[PDB]
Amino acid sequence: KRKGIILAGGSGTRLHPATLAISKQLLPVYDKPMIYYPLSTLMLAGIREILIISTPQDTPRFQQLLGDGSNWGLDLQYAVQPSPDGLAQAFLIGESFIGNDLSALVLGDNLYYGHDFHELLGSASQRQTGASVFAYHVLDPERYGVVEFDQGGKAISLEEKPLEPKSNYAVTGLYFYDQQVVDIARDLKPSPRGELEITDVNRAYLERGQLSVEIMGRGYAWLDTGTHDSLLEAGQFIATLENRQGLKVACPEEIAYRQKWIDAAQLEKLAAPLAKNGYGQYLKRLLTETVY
């Protein structure tokens, strides 16, 4: 069994005053809440039991939004991160939730999209030992954890926000772990930046030869809503795809149904109060149209 975690807290200050009223992850991307996107990523990976970690103030907001998850065939739980003191804190806050299971962590403002994503997730998901992360070529690797490869394509180093990046491959905000992750996180000390760093957790696996680094090719989109510009671009990206296709991206209701976590009747009931708009009309359409 693999349990999921969505880390959806974080500083806030960079995007104020936009984020003074609404935290990033509660800011919607085009037609649905930002959190739907990383949630749908965990769902597509086959994960149904998910811990949502947020700020003290947002945690109840997330509860109002998503509830216990039973509507979507999920088991959703909530915990608080008092201060954004590092991605790795997710494993300390989520220690009891994880128990003795495997796990996966996704960042609440990360938006993934592309063909054969289910396979990419599936292969990481099937690894019962070690950790798996994904490498994506970016313009600005200095903003991320950076993974360096040797001439043979083997991952050989990790550095967090390096002033002098060794490659243009960023480690994306999606991570799969075996049962070791909690104890690794328990042993970490704050970095210079003052954070309990996921890069340090991933490096612990790398130095034991237990880190799988999979390329996420250029045909995928991996976007982050970290800036005003990047939220706008992400919105435009989703809107172009949706309006071209007549399909919606990262609808949890759709994914639940396709995965047999909810049935047609359940789906019909979810669509009713959204009936007056495109999103409800869309869910109803799913009951009678085959989509490959």
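Residue numbers run from 1 along the displayed sequence. Basically, rigid core = biggest C-alpha set you can superpose within 1.5 Å across the two forms.
Averaged over structures and residues, the CA distance from the shown form in 8 other deposited structures of this protein after a core fit is larger for 220-228, of the two stretches 43-51 and 220-228. Choosing between 190-198 and 205-213, the greater Cα displacement from the shown form in 8 other deposited structures of this protein, fitted by the core, goes with 190-198. Comparing 11-19 with 280-288, the stretch with the higher mean C-alpha B-factor in the PDB entry is 11-19. Legend: mean Cα B-factor per stretch from the PDB entry, 23-31 versus 248-256; the higher mean is in 23-31. The residue among 194, 219, 99, 108 whose C-alpha atom has the highest B-factor in the PDB entry is 194. For the set 234, 42, 66, 264, the PDB entry puts the maximum C-alpha B factor at 264.
Ranked against the other modelled residues of its chain, the C-alpha B-factor of residue 226 as given in the entry falls in the highest third. Per the deposited record, the Cα B-factor of residue 178 falls in the lowest third when ranked against the other modelled residues of its chain. Among all modelled residues in its chain, residue 73 ranks in the middle third by Cα B-factor. In this PDB entry, the Cα temperature factor of residue 60 sits in the top third of its chain's modelled residues, the highest group. Placement of the Cα temperature factor of residue 145 within the chain: middle third of the modelled residues, per the deposited record.
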